[PDB]
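A.B. asks: once you've seen the sequence and the experimental structure below, I've got questions.
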Amino acid sequence: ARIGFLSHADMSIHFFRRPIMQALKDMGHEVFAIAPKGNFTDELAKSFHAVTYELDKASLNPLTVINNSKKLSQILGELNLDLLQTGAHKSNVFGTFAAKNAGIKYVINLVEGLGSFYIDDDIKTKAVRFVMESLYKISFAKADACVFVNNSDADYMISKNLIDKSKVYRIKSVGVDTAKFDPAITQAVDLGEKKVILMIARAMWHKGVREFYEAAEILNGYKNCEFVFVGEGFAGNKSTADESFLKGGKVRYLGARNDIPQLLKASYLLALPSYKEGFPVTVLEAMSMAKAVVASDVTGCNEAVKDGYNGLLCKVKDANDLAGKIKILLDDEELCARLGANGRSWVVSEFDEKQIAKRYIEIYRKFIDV
Ligand SMILES: CC(=O)N[C@H]1[C@@H](OP(=O)(O)OP(=O)(O)OC[C@H]2O[C@@H](n3ccc(=O)[nH]c3=O)[C@H](O)[C@@H]2O)O[C@H](CO)[C@H](O)[C@@H]1O
């Protein structure tokens, strides 16, 4: 009944792990949110036991990653956890080494997208991918189970003999609060009298930001549409567009936001031209808002979006095709509503966060008493 949730980022605890954690709290367990300090740490402390720690998130310096993870082992050791849920690569691998060195008996892993080491193909990145995969064989072997939020990541990692089918659990998506993300109780943000083409994302190039801005250029307000981008960029990051790029195109830039339901209600459709995903949550949120989606035909996107059912798929790294799919929906309002209505019907039946959370807890029940 002492259950930790380790992440590299408090965003993942607050946005993804939370419904699991709430369900365990409501059952009378002690739930720990273990993540570096961030914008959500203080409110999370009110609900759960916040634990912070230092991390060079993107660094691959060996002695930095040894020291980071040794300190981490001590922080985890002092919590006296019965089970630790990790998520994403650094916590799955090094969080597991540190968890076992700290004497934690049960470690559950979680893969939610394979990330940029499978987008890039430069030799340096092909070597990094090899090492991480070889480390994963050890870390998975030490952990008791791994949850996958899509099928392609599980299939892939099984095919590389990184983990036995026995330990793979497929829980599709991290779920969405369909009662909060409900159009009937949501008041739209006012963005004018325009057909809003909404993209929600951290401004990673690997998220398709450039293609989205190029497509805005191509359509240039066709049928009174307006491209709108929600999310943060960063300065001096090669992996990221800066605010000067995000403010300099035919896109209305809103920066970070907390009224996503309200923004989705004001939108005509949601675009996600990502290069690679796990099970994109902005897609789930758009679906719960009964909004059609236009998404790249890539990993993750093509499991959350079924072409012709709840959205349309476009080629990746292709602004013209992205624009083309958007124009088809701008040209055909009845189709766009039908797809969004199917999107709503699907989230409600398969992706509500409450049933998703219950299925994580059944995995834990195999190992500890809940
Ligand atoms: C591999 C990858 O590229 N992405 C995956 C990764 O996290 P990502 O962080 O890439 O997931 P994402 O970008 O889909 O996260 C979106 C979440 O952030 C929220 N938001 C975003 C912008 C903003 O200004 N305000 C705001 O509140 C939004 O409401 C939603 O809850 O893990 C997720 C959880 O399973 C999904 O699998 C994604 O597919």
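C.D. replies: That came through, no problem. Numbers count the residues shown, from 1 in each chain.
A.B. asks: which residue packs closest to residue 70, ignoring adjacent ones?
C.D. replies: Nearest residue to residue 70 in three dimensions, chain neighbours excluded: residue 98, at 7.3 Å (CB to CB, 6 or more residues apart in numbering). C-beta: built from backbone N, CA, C; applies to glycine.
A.B. asks: list the contacts of that neighbour.
C.D. replies: Residues in contact with residue 98 (CB atoms under 8 Å, 6 or more residues apart in numbering) are 69, 70, 72, 73, 76.
A.B. asks: hmm, 7 Å instead?
C.D. replies: 69, 72, 73, 76 (CB atoms under 7 Å, 6 or more residues apart in numbering).
A.B. asks: quick one: what helix or strand has the third one in it?
C.D. replies: For residue 73, the enclosing helix or strand under DSSP states H and E is helix 62-77.
A.B. asks: neighbour-wise, which one of the contacts of residue 98 leads?
C.D. replies: For those, the largest number of neighbours (other CB atoms under 10 Å) sits with residue 76, at 25 neighbours.
A.B. asks: from the ligand, how far off is that residue?
C.D. replies: Going from residue 76 to the ligand by CB to the nearest ligand atom, to the nearest Å gives 22 Å.
A.B. asks: what of residue 211?
C.D. replies: Applying CB to the nearest ligand atom, the value for residue 211 to the ligand is 15 Å.
A.B. asks: number of nearby residues for that residue?
C.D. replies: Quick note: residue 211 (other CB under 10 Å) scores 26 neighbours.
A.B. asks: who are the neighbours of the host helix or strand of it, in terms of helices and strands?
C.D. replies: Assigned by DSSP H and E, residue 211 belongs to helix 209-219. Packing partners of helix 209-219 (3 or more CB pairs under 7 Å, 6 or more residues apart in numbering; DSSP states H and E): strand 225-230, helix 319-331.
A.B. asks: what does this structure have sitting close to the ligand?
C.D. replies: Within reach of the ligand by CB under 6 Å from any ligand atom, the chain has these residues: 15-16, 112-113, 115, 149, 174, 200-202, 230-231, 256-258, 260, 277-282, 285, 300.
A.B. asks: can I have the buried ones of those residues as a PyMOL selection?
C.D. replies: Buried residues within the residues of the chain next to the ligand, by 16 or more other CB atoms under 10 Å, are selected in PyMOL with:
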select buried, resi 16+112+113+115+149+174+200+201+202+230+231+260+277+278+279+280+281+282+285+300
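A.B. asks: so of the residues of the chain next to the ligand, which ones are in helices?
C.D. replies: Per DSSP state H, helices hold the following members of the residues of the chain next to the ligand: 260, 281, 282, 285.
A.B. asks: ok, for residue 272, nearest residue in space, not its chain neighbours?
C.D. replies: Residue nearest to residue 272 in three dimensions, not counting chain neighbours: residue 295, with 4.6 Å by CB to CB, 6+ apart.
A.B. asks: again, but for residue 369
C.D. replies: residue 1 (7.3 Å).
A.B. asks: quick check: the gap between that neighbour and the ligand.
C.D. replies: Separation of residue 1 from the ligand (CB to the nearest ligand atom): 26 Å.
A.B. asks: can you map out the helices along the stretch 251-370 of the chain?
C.D. replies: Shown for the stretch 251-370 of the chain, the helices assigned by DSSP state H, counting those that start in this stretch span residues 260-265, 281-288, 301-304, 319-331, 333-350, 353-365.
A.B. asks: got the contact list for the shortest one?
C.D. replies: Contacting residues not belonging to helix 301-304 are listed as 150, 151, 152, 272, 274, 277, 279, 280, 283, 284, 295, 313 [CB under 7 Å, 6+ apart].
A.B. asks: what's the PyMOL syntax to select whichever of those are buried?
C.D. replies: Buried residues within these, by 16+ other CB under 10 Å, are selected in PyMOL with:
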select buried, resi 150+152+272+274+277+279+280+283+284+295+313
